[PDB]
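K.L.:
Pasting a structure here, questions to come.
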Amino acid sequence: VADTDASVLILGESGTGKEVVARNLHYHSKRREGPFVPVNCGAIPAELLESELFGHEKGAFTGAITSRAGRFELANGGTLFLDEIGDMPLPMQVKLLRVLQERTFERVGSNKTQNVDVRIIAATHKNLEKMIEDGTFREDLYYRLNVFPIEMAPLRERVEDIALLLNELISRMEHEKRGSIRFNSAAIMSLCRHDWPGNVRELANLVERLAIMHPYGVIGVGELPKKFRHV
Amino acid sequence: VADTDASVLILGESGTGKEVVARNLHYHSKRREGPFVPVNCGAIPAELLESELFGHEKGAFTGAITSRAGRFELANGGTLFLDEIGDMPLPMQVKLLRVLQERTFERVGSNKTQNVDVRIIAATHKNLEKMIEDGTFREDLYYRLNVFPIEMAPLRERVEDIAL
Amino acid sequence: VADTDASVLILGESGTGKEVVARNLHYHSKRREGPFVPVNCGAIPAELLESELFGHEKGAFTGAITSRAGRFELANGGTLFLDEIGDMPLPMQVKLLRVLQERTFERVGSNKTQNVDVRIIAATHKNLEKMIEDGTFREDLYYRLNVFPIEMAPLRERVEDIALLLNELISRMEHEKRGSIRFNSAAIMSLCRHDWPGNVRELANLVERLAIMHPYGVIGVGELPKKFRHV
Amino acid sequence: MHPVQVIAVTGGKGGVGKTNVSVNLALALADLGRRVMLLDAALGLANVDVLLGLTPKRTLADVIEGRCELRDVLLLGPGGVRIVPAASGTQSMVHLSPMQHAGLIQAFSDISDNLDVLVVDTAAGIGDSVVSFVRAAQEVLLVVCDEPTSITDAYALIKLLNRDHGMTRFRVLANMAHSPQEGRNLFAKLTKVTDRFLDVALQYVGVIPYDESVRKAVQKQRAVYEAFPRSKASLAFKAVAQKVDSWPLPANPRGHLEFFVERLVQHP
Amino acid sequence: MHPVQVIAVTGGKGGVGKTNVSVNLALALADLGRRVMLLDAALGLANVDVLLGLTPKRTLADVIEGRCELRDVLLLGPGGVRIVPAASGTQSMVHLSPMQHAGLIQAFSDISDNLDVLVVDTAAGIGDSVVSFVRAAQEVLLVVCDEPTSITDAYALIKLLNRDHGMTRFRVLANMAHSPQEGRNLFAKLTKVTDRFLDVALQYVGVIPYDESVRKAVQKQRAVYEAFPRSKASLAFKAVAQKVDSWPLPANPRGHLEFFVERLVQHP
Ligand SMILES: Nc1ncnc2c1ncn2[C@@H]1O[C@H](COP(=O)(O)OP(=O)(O)CP(=O)(O)O)[C@@H](O)[C@H]1O
Ligand SMILES: Nc1ncnc2c1ncn2[C@@H]1O[C@H](COP(=O)(O)OP(=O)(O)CP(=O)(O)O)[C@@H](O)[C@H]1O
Ligand SMILES: [Mg+2]
Ligand SMILES: [Mg+2]
């Protein structure tokens with residue numbers, strides 16, 4: 001997908017690291033000079049998602065003292081990263097499909113159509129098909145987006161990868177002069193036998209916690225938190 | 001316009017009698033056996049116009065105990081009379097233009113597109129152009145509707161008809 | 001953890017002494033000379049939390065009659081202790097995450113962005129992980145606040161410390177001048193044989209109650225008010 | 001600069017003498033030598049100005065309606081006590097949103113001269129305004145009379161505060177008692193009920209005797225402390241004020257909204 | 001079948017004896033031979049049951065929370081008077097929406113046996129609940145004492161009702177007066193203020209003397225009419241009840257919400 005400008009759908013559980021994949025695709029494609037605008041559809045309130053993604057003009061709603069422009073126009077000539085697209089409501093799904101195909105959208109309080117050239121990299125953690133037979137996600141939108149799918153597996157299904165991830169985390173933590181830690185075989189094996197809900201964020205958070213706890217020392221099974229210890 | 005199935009825009013002040021003109025066009029066209037469904041946009045609250053015009057399915061909103069179907073499907077094979085279309089908000093205008101051209105619409109709480117064959121006779125009493133330069137009415141919708149305009153004059157400009 | 005600038009989350013049960021831990025962390029940090037601003041999210045109505053944390057201008061809502069500084073600005077140069085973070089509403093969770101990430105916030109009814117450098121110490125008695133599982137708490141805010149968790153233990157699990165706590169509580173009453181009181185060995189043993197829900201809160205409440213009720217007295221087995229004797 | 005002590009006079013039962021206790025306690029505390037501000041939390045119906053004989057040109061209704069700020073509605077009352085007047089039957093003060101109470105409490109932080117006394121005379125009942133003004137105060141003084149209705153009302157207020165806000169420390173003052181043993185017995189009954197159902201700390205403050213000099217003062221629209229400074233009620237108020245002045249000053253802010261959080265944050 | 005007379009006992013000032021007047025008037029009107037229902041509109045804090053010594057198993061909190069209907073919360077009180085009990089410090093009754101007050105008033109139409117007496121004991125203050133229960137009643141009886149604060153509060157309630165609801169007819173009853181001339185003078189002062197600022201009709205009902213038998217009855221948790229039926233207060237209540245029974249019955253419904261609109265519509 002790197003050399004092709006096409007809409008991407010990244011499938012993976014929460015915390016797998018989809019934003020870095022989106023940034024890697026953006027900065028090494030024809031958009032590398034274009035803006036990268038990340039938006040989390042779960043952060044904006046449902047009543048403000050329209051104004052956030054499309055923008056609004058003067059007096060659009062009570063509190064619209066300025067003509068703030070939306071995320072799509074900020075991503076013109078760049079890439080817009082939709083994260084957890086599954087909670088986005090149905091009318092907004094129809095307008096997103098309109099942006100994807102008809103390359104047009106409407107501001108809030110405006111009576112004109114605007115054309116923007118953006119690349120949409122969508123991310124979600126819900127089974128979109130099951131939502132389709134539940135009557136909650138748009139089926140046509142699902143086919144439009146799942147042309148180039150990236151399935152990012154949980155860390156509990158690639159446990160033998162933990163050592164390399166620890167090397168990368170500790171390497172960055174050393175580059176920023178924030179300390180270093182070292183594990184023995186027992187600690188790494190114990191970590192490999194963990195369920196890891198919140199995979200990579202759990203791993204990074206644990207690394208930071210251990211750097212605070214045991215700086216410049218050897219980490220064993222005893223020095224790991226109780227929830228990580230295993231026999 | 002009687003022998004042609006095309007969208008009609010009736011321009012006139014309030015109380016000029018646009019409903020009877022719409023009924024005359026409907027009952028003497030190819031829709032004579034089809035339903036005639038009148039809807040006054042100003043009557044439905046602005047928060048319920050979506051559900052009233054397009055319908056909704058189970059649990060669409062708090063209070064949706066039934067899957068009531070909208071006005072457009074009731075007018076399938078007939079005519080829908082939009083009265084005072086000028087107060088209808090902009091997103092509704094975009095969806096109305098979509099119904100007019102693409103012949104498709106979406107219910108509330110539904111994830112499928114429905115096709116209906118209806119004839120739209122729009123009525124308004126506001127200067128739609130002045131609303132266009134005021135940034136309140138859709139300009140493309142105005143061109144789509146004003147292909148067959150009927151300008152119903154006020155009684156004060158046709159006073160010699162009062163006897164009849 | 002006290003010598004570093006990191007987000008601390010204090011986990012335990014109700015009345016386990018989290019504010020004491022937070023104050024000790026603040027006093028043994030680089031921010032000793034700064035302020036300590038506590039915020040209880042379960043003692044402020046949901047509609048008031050935003051105005052209390054961020055401040056407001058002269059007119060922002062139907063009750064704002066003056067412009068005041070919020071508790072983020074009050075904590076500038078110090079630490080902000082958010083107690084009972086679990087009952088914070090979800091929109092306020094989103095806004096708190098945005099403030100913590102961007103390090104900037106805006107008063108309600110204002111468009112001027114202000115920067116504040118504060119240390120966040122949050123406290124919880126609810127099982128957060130279960131709350132993310134039910135979707136009543138945000139996982140991203142959770143992992144921003146959980147850089148260093150400190151788990152406090154119930155008084156029923158540290159029964160041998162009750163006498164020392166009693167002496168400490170009586171000690172602080174010498175400084176806050178509401179009297180003094182002494183205990184008997186049988187009374188201490190009876191207290192040690194108690195379940196103690198709301199551990200330190202009930203211990204302090206009982207000591208206050210017995211001090212005001214019988215000042216400068218001695219407490220026997222029958223001196224205790226109710227449900228504190230154990231055969 | 002110092003923390004400011006805030007005293008909320010309450011009790012739930014109407015006609016127990018909350019306003020009289022507030023005014024006379026403020027006057028006595030000013031007599032001991034403190035700069036005292038008295039706030040009439042009876043926002044819909046003003047009685048502090050009526051008892052003191054004041055006719056304010058501008059009240060808190062002007063503050064909430066925005067015609068004037070908070071500093072210019074202060075009145076110099078008897079004994080040097082500064083009074084914040086409330087409205088009397090104004091349509092904009094009958095019932096206020098919690099947001100408005102929060103704004104009014106927060107706006108009091110503009111005042112930085114009083115010597116750690118701010119007496120808040122709450123309204124009758126256990127309503128939202130009363131609870132809001134009690135929770136914002138460091139000390140909660142309950143005025144109770146030796147009647148089953150007054151005991152029940154005070155117990156209900158204590159139960160509400162303890163159950164829904166976790167308060168455990170309450171001060172109790174007996175009013176219109178015909179003997180000191182009457183006040184002691186009234187405290188015994190109230191503590192008996194609370195002990196039987198709750199786990200809270202009640203501290204006896206004192207007793208204000210039934211005195212007709214108070215009635216003459218009310219008829220004269222002046223305060224019993226200044227109109228009849230040698231009466232039994234005046235001496236009881238002086239004793240209570242001496243006891244109140246010995247209360248421990250606040251030292252640490254709490255998580256909820258309260259008066260003068262600025263002084264509780266910066267000073268430590 | 002007949003229209004039902006509804007009497008709202010009010011006065012704004014707390015501790016003027018609204019509950020005592022309500023209870024004793026109810027028992028006296030039952031003595032004259034009417035089927036009387038007494039409602040404790042003090043929804044957050046119940047005092048009718050306290051003064052009468054009742055311990056209800058189900059109260060109005062159970063009605064609003066939906067555990068039971070309205071008929072099964074009735075209690076047979078002294079003298080055959082049927083009591084509707086209120087809650088005491090229940091979180092679901094501290095403050096209710098106007099919709100809830102409307103529903104509770106409308107639900108009373110299920111009762112079709114009382115002989116045109118329904119006494120409504122409003123709470124202290126001029127709040128929304130008090131105004132809702134006063135406007136829904138045919139007769140408005142204001143209990144006033146000979147104090148500047150009581151006169152000011154009664155005038156404020158009258159001014160509120162007249163300005164924002166157009167009410168013009170008010171009954172005034174003096175309580176805790178030490179002479180009949182005291183009651184006459186109190187009425188004179190109240191009418192002087194009202195005539196100076198308003199155009200309303202005040203009708204003097206009578207005077208209830210200051211009597212310590214009332215205090216003994218409250219201490220005994222019984223009513224002064226039944227505990228001390230030969231006291232001055234009991235005789236005054238009997239005279240007032242005889243005067244109240246001579247009031248004209250309602251004949252035509254008004255446009256707003258009020259008790260028993262059904263009987264006011266069908267009967268004419
Ligand atoms: N110590 C005392 N001795 C004698 N009478 C007293 C008294 N304290 C109060 N009273 C009487 O009680 C009346 C009511 O006093 P006050 O107005 O302070 O009570 P309160 O604050 O409970 C009224 P509300 O509840 O409406 O605010 C006084 O005007 C007086 O008649
Ligand atoms: N005529 C009278 N003589 C003696 N005492 C009287 C009296 N009228 C009322 N009282 C006393 O007034 C006190 C309060 O009476 P009551 O409870 O009826 O008042 P109220 O209902 O107006 C207070 P609230 O409005 O706050 O509920 C009691 O001590 C009662 O005995
Ligand atoms: Mg008062
Ligand atoms: Mg009462």
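FYI, nothing fancy with the structure tokens labels: chains A, B, ... in order, residues from 1 per chain, ligands from 1 as they appear.
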Taking only C-alpha atoms and all ligand atoms into account, which residues have an atom no farther than 12 Å from ligand 4? I'd like them as a ChimeraX atom specification.

P.N.:
/D:12-15,124-125,149-150,153 /E:9-23,39-51,86,88,120-125,130,143

K.L.:
First superpose chain A onto chain C using a least-squares fit over all Cα atoms taken in order; then report the RMSD in Å.

P.N.:
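Between chain C and chain A, the C-alpha RMSD is 1.5 Å.
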
K.L.:
If I take atom CA of residue B:80 and atom CA of residue B:120, how far is one from the other in Å, to one decimal?

P.N.:
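Going from atom CA of residue B:80 over to atom CA of residue B:120 covers 5.3 Å.
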
K.L.:
Residues at most 9 Å from residue E:211, counting only C-alpha atoms, excluding those fewer than 3 positions away in the same chain, as a ChimeraX atom specification?

P.N.:
/E:176,178,208,214-215,231-233

K.L.:
What is the distance between atom CA of residue B:71 and atom CA of residue B:135, in Å to one decimal?

P.N.:
27.6 Å

K.L.:
Find, counting only C-alpha atoms, the residue in D:172, D:52, D:118, D:6 that gets nearest to residue D:222.

P.N.:
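Selected residue with least distance to residue D:222: D:52.
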
K.L.:
Taking only stretch 56-164 of chain B into account, list the residues labelled alpha helix (DSSP H) by DSSP (computed from the backbone), as number ranges by chain.

P.N.:
B: 71-74, 90-101, 128-133, 139-145

K.L.:
For the residues in the current selection, export N, CA, C and O atoms as an mmCIF file, in the first residue's frame.

P.N.:
data_model
loop_
_atom_site.group_PDB
_atom_site.id
_atom_site.type_symbol
_atom_site.label_atom_id
_atom_site.label_comp_id
_atom_site.auth_asym_id
_atom_site.auth_seq_id
_atom_site.Cartn_x
_atom_site.Cartn_y
_atom_site.Cartn_z
ATOM 1 N N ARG B 71 -43.121 9.720 5.044
ATOM 2 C CA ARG B 71 -44.063 10.250 4.068
ATOM 3 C C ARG B 71 -43.677 9.891 2.641
ATOM 4 O O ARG B 71 -44.559 9.681 1.801
ATOM 5 N N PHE B 72 -42.377 9.825 2.341
ATOM 6 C CA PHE B 72 -41.951 9.558 0.970
ATOM 7 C C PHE B 72 -42.405 8.184 0.498
ATOM 8 O O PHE B 72 -42.835 8.029 -0.652
ATOM 9 N N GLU B 73 -42.312 7.172 1.361
ATOM 10 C CA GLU B 73 -42.756 5.844 0.955
ATOM 11 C C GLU B 73 -44.273 5.777 0.844
ATOM 12 O O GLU B 73 -44.799 5.015 0.026
ATOM 13 N N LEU B 74 -44.992 6.555 1.661
ATOM 14 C CA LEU B 74 -46.442 6.623 1.529
ATOM 15 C C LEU B 74 -46.847 7.262 0.211
ATOM 16 O O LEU B 74 -47.929 6.974 -0.312
ATOM 17 N N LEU B 90 -30.754 23.041 5.986
ATOM 18 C CA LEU B 90 -29.823 22.726 4.902
ATOM 19 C C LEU B 90 -29.539 21.236 4.737
ATOM 20 O O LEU B 90 -29.568 20.753 3.589
ATOM 21 N N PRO B 91 -29.225 20.464 5.787
ATOM 22 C CA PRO B 91 -29.027 19.021 5.569
ATOM 23 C C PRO B 91 -30.246 18.346 4.973
ATOM 24 O O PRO B 91 -30.117 17.486 4.089
ATOM 25 N N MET B 92 -31.438 18.745 5.416
ATOM 26 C CA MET B 92 -32.656 18.243 4.801
ATOM 27 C C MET B 92 -32.737 18.637 3.337
ATOM 28 O O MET B 92 -33.246 17.867 2.520
ATOM 29 N N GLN B 93 -32.246 19.826 2.985
ATOM 30 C CA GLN B 93 -32.250 20.234 1.586
ATOM 31 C C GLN B 93 -31.335 19.348 0.752
ATOM 32 O O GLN B 93 -31.677 18.972 -0.376
ATOM 33 N N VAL B 94 -30.166 18.999 1.293
ATOM 34 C CA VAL B 94 -29.260 18.114 0.564
ATOM 35 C C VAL B 94 -29.895 16.743 0.374
ATOM 36 O O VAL B 94 -29.842 16.162 -0.719
ATOM 37 N N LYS B 95 -30.514 16.203 1.427
ATOM 38 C CA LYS B 95 -31.162 14.902 1.274
ATOM 39 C C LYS B 95 -32.360 14.967 0.333
ATOM 40 O O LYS B 95 -32.628 14.002 -0.390
ATOM 41 N N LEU B 96 -33.082 16.089 0.310
ATOM 42 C CA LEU B 96 -34.182 16.236 -0.636
ATOM 43 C C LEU B 96 -33.678 16.267 -2.070
ATOM 44 O O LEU B 96 -34.288 15.665 -2.958
ATOM 45 N N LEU B 97 -32.572 16.968 -2.321
ATOM 46 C CA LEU B 97 -31.994 16.945 -3.660
ATOM 47 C C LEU B 97 -31.531 15.544 -4.027
ATOM 48 O O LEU B 97 -31.638 15.128 -5.188
ATOM 49 N N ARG B 98 -31.003 14.803 -3.051
ATOM 50 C CA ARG B 98 -30.630 13.418 -3.310
ATOM 51 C C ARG B 98 -31.846 12.583 -3.689
ATOM 52 O O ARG B 98 -31.773 11.744 -4.590
ATOM 53 N N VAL B 99 -32.971 12.793 -3.008
ATOM 54 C CA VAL B 99 -34.194 12.080 -3.367
ATOM 55 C C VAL B 99 -34.653 12.482 -4.764
ATOM 56 O O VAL B 99 -35.144 11.652 -5.536
ATOM 57 N N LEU B 100 -34.502 13.759 -5.107
ATOM 58 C CA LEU B 100 -34.977 14.251 -6.395
ATOM 59 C C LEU B 100 -34.158 13.689 -7.550
ATOM 60 O O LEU B 100 -34.719 13.306 -8.583
ATOM 61 N N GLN B 101 -32.835 13.629 -7.403
ATOM 62 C CA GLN B 101 -31.966 13.189 -8.493
ATOM 63 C C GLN B 101 -31.616 11.707 -8.403
ATOM 64 O O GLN B 101 -31.892 10.945 -9.335
ATOM 65 N N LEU B 128 -36.816 32.766 -2.678
ATOM 66 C CA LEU B 128 -35.766 31.761 -2.561
ATOM 67 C C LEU B 128 -34.417 32.298 -3.014
ATOM 68 O O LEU B 128 -33.380 31.902 -2.468
ATOM 69 N N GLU B 129 -34.404 33.196 -3.999
ATOM 70 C CA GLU B 129 -33.144 33.791 -4.428
ATOM 71 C C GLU B 129 -32.506 34.577 -3.291
ATOM 72 O O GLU B 129 -31.351 34.329 -2.923
ATOM 73 N N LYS B 130 -33.268 35.489 -2.682
ATOM 74 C CA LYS B 130 -32.739 36.272 -1.573
ATOM 75 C C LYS B 130 -32.236 35.379 -0.450
ATOM 76 O O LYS B 130 -31.250 35.713 0.215
ATOM 77 N N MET B 131 -32.886 34.235 -0.232
ATOM 78 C CA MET B 131 -32.357 33.269 0.719
ATOM 79 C C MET B 131 -31.056 32.651 0.223
ATOM 80 O O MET B 131 -30.198 32.288 1.036
ATOM 81 N N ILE B 132 -30.887 32.519 -1.095
ATOM 82 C CA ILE B 132 -29.643 31.973 -1.628
ATOM 83 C C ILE B 132 -28.481 32.926 -1.364
ATOM 84 O O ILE B 132 -27.428 32.514 -0.864
ATOM 85 N N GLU B 133 -28.650 34.215 -1.684
ATOM 86 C CA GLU B 133 -27.574 35.142 -1.327
ATOM 87 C C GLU B 133 -27.493 35.433 0.168
ATOM 88 O O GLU B 133 -26.522 36.062 0.598
ATOM 89 N N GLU B 139 -28.736 26.474 -3.508
ATOM 90 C CA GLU B 139 -28.842 27.048 -4.844
ATOM 91 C C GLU B 139 -29.117 25.975 -5.895
ATOM 92 O O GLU B 139 -29.953 26.165 -6.793
ATOM 93 N N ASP B 140 -28.433 24.835 -5.788
ATOM 94 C CA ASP B 140 -28.667 23.714 -6.695
ATOM 95 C C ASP B 140 -30.080 23.157 -6.561
ATOM 96 O O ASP B 140 -30.714 22.801 -7.563
ATOM 97 N N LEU B 141 -30.589 23.065 -5.330
ATOM 98 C CA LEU B 141 -31.979 22.669 -5.131
ATOM 99 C C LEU B 141 -32.929 23.662 -5.786
ATOM 100 O O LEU B 141 -33.941 23.268 -6.383
ATOM 101 N N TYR B 142 -32.611 24.954 -5.700
ATOM 102 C CA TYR B 142 -33.458 25.952 -6.341
ATOM 103 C C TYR B 142 -33.500 25.753 -7.848
ATOM 104 O O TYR B 142 -34.580 25.780 -8.445
ATOM 105 N N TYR B 143 -32.348 25.526 -8.488
ATOM 106 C CA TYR B 143 -32.412 25.273 -9.929
ATOM 107 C C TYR B 143 -33.134 23.971 -10.250
ATOM 108 O O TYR B 143 -33.832 23.882 -11.266
ATOM 109 N N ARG B 144 -32.970 22.945 -9.421
ATOM 110 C CA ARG B 144 -33.645 21.688 -9.714
ATOM 111 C C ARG B 144 -35.160 21.840 -9.637
ATOM 112 O O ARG B 144 -35.887 21.225 -10.424
ATOM 113 N N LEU B 145 -35.656 22.663 -8.710
ATOM 114 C CA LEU B 145 -37.103 22.762 -8.534
ATOM 115 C C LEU B 145 -37.739 23.775 -9.482
ATOM 116 O O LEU B 145 -38.842 23.538 -9.986
#

K.L.:
Tell me which protein, DNA and RNA residues are within 10 Å of stretch 195-198 of chain A, counting only C-alpha atoms, leaving out same-chain ones fewer than 3 positions away, and put them as a list in words.

P.N.:
residues 13, 14, 15, 16, 17, 154, 155, 156, 157, 159, 191, 192, 201, 202, 203 and 228 of chain A; 129, 133, 139, 140 and 143 of chain C

K.L.:
Keeping N, CA, C and O atoms, export the residues of the selection given above as a PDB file, in the first residue's frame.

P.N.:
ATOM      1  N   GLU A  13      -6.949  -4.777  17.766  1.00  0.00           N
ATOM      2  CA  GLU A  13      -7.460  -4.465  19.090  1.00  0.00           C
ATOM      3  C   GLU A  13      -6.917  -3.122  19.568  1.00  0.00           C
ATOM      4  O   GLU A  13      -5.964  -2.570  19.011  1.00  0.00           O
ATOM      5  N   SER A  14      -7.554  -2.585  20.604  1.00  0.00           N
ATOM      6  CA  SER A  14      -7.136  -1.305  21.157  1.00  0.00           C
ATOM      7  C   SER A  14      -5.723  -1.395  21.717  1.00  0.00           C
ATOM      8  O   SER A  14      -5.396  -2.318  22.467  1.00  0.00           O
ATOM      9  N   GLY A  15      -4.887  -0.431  21.347  1.00  0.00           N
ATOM     10  CA  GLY A  15      -3.531  -0.356  21.837  1.00  0.00           C
ATOM     11  C   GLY A  15      -2.491  -1.082  21.017  1.00  0.00           C
ATOM     12  O   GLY A  15      -1.361  -1.243  21.492  1.00  0.00           O
ATOM     13  N   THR A  16      -2.823  -1.524  19.806  1.00  0.00           N
ATOM     14  CA  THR A  16      -1.875  -2.282  19.005  1.00  0.00           C
ATOM     15  C   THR A  16      -0.883  -1.385  18.270  1.00  0.00           C
ATOM     16  O   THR A  16       0.177  -1.861  17.849  1.00  0.00           O
ATOM     17  N   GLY A  17      -1.169  -0.092  18.154  1.00  0.00           N
ATOM     18  CA  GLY A  17      -0.246   0.820  17.509  1.00  0.00           C
ATOM     19  C   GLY A  17      -0.604   1.124  16.072  1.00  0.00           C
ATOM     20  O   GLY A  17       0.224   0.984  15.170  1.00  0.00           O
ATOM     21  N   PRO A 154      -2.804  -9.116  18.056  1.00  0.00           N
ATOM     22  CA  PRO A 154      -2.503  -8.829  19.460  1.00  0.00           C
ATOM     23  C   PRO A 154      -1.152  -9.396  19.866  1.00  0.00           C
ATOM     24  O   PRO A 154      -0.641 -10.353  19.279  1.00  0.00           O
ATOM     25  N   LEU A 155      -0.569  -8.777  20.896  1.00  0.00           N
ATOM     26  CA  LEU A 155       0.724  -9.232  21.393  1.00  0.00           C
ATOM     27  C   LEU A 155       0.640 -10.631  21.988  1.00  0.00           C
ATOM     28  O   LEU A 155       1.636 -11.364  21.990  1.00  0.00           O
ATOM     29  N   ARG A 156      -0.531 -11.026  22.486  1.00  0.00           N
ATOM     30  CA  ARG A 156      -0.679 -12.368  23.033  1.00  0.00           C
ATOM     31  C   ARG A 156      -0.640 -13.451  21.965  1.00  0.00           C
ATOM     32  O   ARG A 156      -0.494 -14.627  22.310  1.00  0.00           O
ATOM     33  N   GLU A 157      -0.765 -13.093  20.691  1.00  0.00           N
ATOM     34  CA  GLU A 157      -0.642 -14.049  19.602  1.00  0.00           C
ATOM     35  C   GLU A 157       0.708 -13.975  18.905  1.00  0.00           C
ATOM     36  O   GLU A 157       0.959 -14.756  17.983  1.00  0.00           O
ATOM     37  N   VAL A 159       3.752 -13.645  21.005  1.00  0.00           N
ATOM     38  CA  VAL A 159       4.475 -13.486  22.264  1.00  0.00           C
ATOM     39  C   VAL A 159       5.979 -13.607  22.067  1.00  0.00           C
ATOM     40  O   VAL A 159       6.756 -12.962  22.781  1.00  0.00           O
ATOM     41  N   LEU A 191       6.684 -12.726  31.252  1.00  0.00           N
ATOM     42  CA  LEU A 191       5.925 -11.765  30.463  1.00  0.00           C
ATOM     43  C   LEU A 191       5.283 -12.431  29.256  1.00  0.00           C
ATOM     44  O   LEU A 191       4.157 -12.091  28.876  1.00  0.00           O
ATOM     45  N   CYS A 192       5.985 -13.380  28.636  1.00  0.00           N
ATOM     46  CA  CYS A 192       5.444 -14.059  27.464  1.00  0.00           C
ATOM     47  C   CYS A 192       4.199 -14.872  27.788  1.00  0.00           C
ATOM     48  O   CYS A 192       3.409 -15.160  26.883  1.00  0.00           O
ATOM     49  N   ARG A 201       0.615  -0.647  24.527  1.00  0.00           N
ATOM     50  CA  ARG A 201       0.559   0.342  25.596  1.00  0.00           C
ATOM     51  C   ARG A 201       0.844  -0.294  26.950  1.00  0.00           C
ATOM     52  O   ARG A 201       1.525   0.309  27.784  1.00  0.00           O
ATOM     53  N   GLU A 202       0.355  -1.515  27.186  1.00  0.00           N
ATOM     54  CA  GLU A 202       0.736  -2.213  28.411  1.00  0.00           C
ATOM     55  C   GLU A 202       2.236  -2.436  28.475  1.00  0.00           C
ATOM     56  O   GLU A 202       2.855  -2.220  29.521  1.00  0.00           O
ATOM     57  N   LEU A 203       2.840  -2.872  27.370  1.00  0.00           N
ATOM     58  CA  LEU A 203       4.271  -3.149  27.391  1.00  0.00           C
ATOM     59  C   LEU A 203       5.075  -1.881  27.668  1.00  0.00           C
ATOM     60  O   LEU A 203       5.986  -1.877  28.505  1.00  0.00           O
ATOM     61  N   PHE A 228       1.949  -9.626  36.572  1.00  0.00           N
ATOM     62  CA  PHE A 228       2.777 -10.122  35.484  1.00  0.00           C
ATOM     63  C   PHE A 228       3.518 -11.402  35.841  1.00  0.00           C
ATOM     64  O   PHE A 228       4.052 -12.060  34.944  1.00  0.00           O
TER      65      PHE A 228
ATOM     66  N   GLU C 129      -9.823  -1.397  35.359  1.00  0.00           N
ATOM     67  CA  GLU C 129      -9.763  -2.313  34.221  1.00  0.00           C
ATOM     68  C   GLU C 129     -11.140  -2.861  33.872  1.00  0.00           C
ATOM     69  O   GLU C 129     -11.519  -2.925  32.696  1.00  0.00           O
ATOM     70  N   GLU C 133     -13.410  -2.394  30.515  1.00  0.00           N
ATOM     71  CA  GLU C 133     -14.065  -3.540  29.895  1.00  0.00           C
ATOM     72  C   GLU C 133     -15.539  -3.256  29.623  1.00  0.00           C
ATOM     73  O   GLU C 133     -16.068  -3.649  28.577  1.00  0.00           O
ATOM     74  N   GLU C 139      -9.622   4.027  28.157  1.00  0.00           N
ATOM     75  CA  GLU C 139      -8.380   3.283  28.322  1.00  0.00           C
ATOM     76  C   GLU C 139      -7.167   4.176  28.089  1.00  0.00           C
ATOM     77  O   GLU C 139      -6.127   4.010  28.739  1.00  0.00           O
ATOM     78  N   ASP C 140      -7.282   5.128  27.164  1.00  0.00           N
ATOM     79  CA  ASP C 140      -6.187   6.053  26.886  1.00  0.00           C
ATOM     80  C   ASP C 140      -5.886   6.954  28.082  1.00  0.00           C
ATOM     81  O   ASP C 140      -4.722   7.122  28.471  1.00  0.00           O
ATOM     82  N   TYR C 143      -4.150   4.805  30.721  1.00  0.00           N
ATOM     83  CA  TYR C 143      -2.729   4.553  30.543  1.00  0.00           C
ATOM     84  C   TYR C 143      -1.906   5.827  30.609  1.00  0.00           C
ATOM     85  O   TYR C 143      -0.690   5.753  30.798  1.00  0.00           O
TER      86      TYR C 143
END

K.L.:
Using only C-alpha atoms and a cut-off of 6 Å, which residues of chain D sit close to chain C? Please list them as a PDB file with C-alpha atoms, in the first residue's frame.

P.N.:
ATOM      1  CA  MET D  99     -24.576  26.731  38.803  1.00  0.00           C
ATOM      2  CA  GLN D 100     -25.741  30.067  40.227  1.00  0.00           C
ATOM      3  CA  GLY D 103     -20.942  31.212  40.978  1.00  0.00           C
ATOM      4  CA  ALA D 201     -19.740  13.318  65.764  1.00  0.00           C
ATOM      5  CA  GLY D 255     -12.128  18.433  47.024  1.00  0.00           C
ATOM      6  CA  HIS D 256     -15.573  20.027  46.789  1.00  0.00           C
TER       7      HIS D 256
END
